[PDB]
Structures are given as C-alpha cells and as structure tokens.
C-alpha cells in the first residue's frame, strides 16, 4: 500500500484512535470524487486505503475528521477537519506517509515521501 496515515493526540501523548478519514481524488470535471475511507487503529495508523494499481497520478485530499474525534473526548475544538491536499505520483509511483499531530486549536501535518 502506497498511502498510510498516522494521527497523534498532543493532549494525551498517545496515538489518536478511531479517527475517521475520507480520501478524495479530483476528477476531470474539477469535482472531488470519493476515493477511499477508513479509521485509525489502536496504533493511530490507517493502512490498506489503496493499492499501487488504483493509486494513479492525480490530486488527492485526505480529510481527517478531527472535530468528531475531539467531541467524543469532551472537547469542543476549533477545526471541522484537518485537510491534506497534494499531487501524487506526478513523477512515477511513490509511497506516502501522512502524519497529523492534533490539539484542540491547532494541528500539524507532515508527509514522508519515499521511492
């Protein structure tokens, strides 16, 4: 699998578990088409979203549902979601690891891109 997402909780110092996320891919008509979705495990990671064959070049958006995550922990956060928008595989296949670090009023996102 060439796309993995890892989410961490900066309030608890732990993986962010059961975080839902939705991946979209921009279509020829410039609309966002649903591509894949899932939720993080006990390790805060979401594996198996796609395959090398299906993950063609394109513009992808990973929408991490942070508001639902915080609300279930009793926190009313600032953001609706954390978004990561990027062009993938523009120069051939790559493996992408997207990491998100969450706090109620802030988030950081990092991508590790390997060949």
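Positions refer to the first chain, counted from 1.
| 17-25 versus 88-96 - greater average Cα B-factor per the deposited record | Looking at the recorded C-alpha B-factors, 88-96 comes out higher on average.
| Which has higher Cα B-factors on average according to the PDB entry: 46-54 or 59-67? | That would be 46-54.
| Lowest, middle or highest third: where is residue 34 by Cα B-factor in its chain? | It falls in the middle third of the chain.
| query | Against its chain's modelled residues, does residue 1's Cα B factor rank lowest, middle or highest third? | reply | Ranked within chain, residue 1 CA B lands in the highest tercile.
| task | Please rank the C-alpha B-factors of the chain's modelled residues and tell me whether residue 76 sits in the lowest, middle or highest third. | result | CA B-factor rank for residue 76: highest third.
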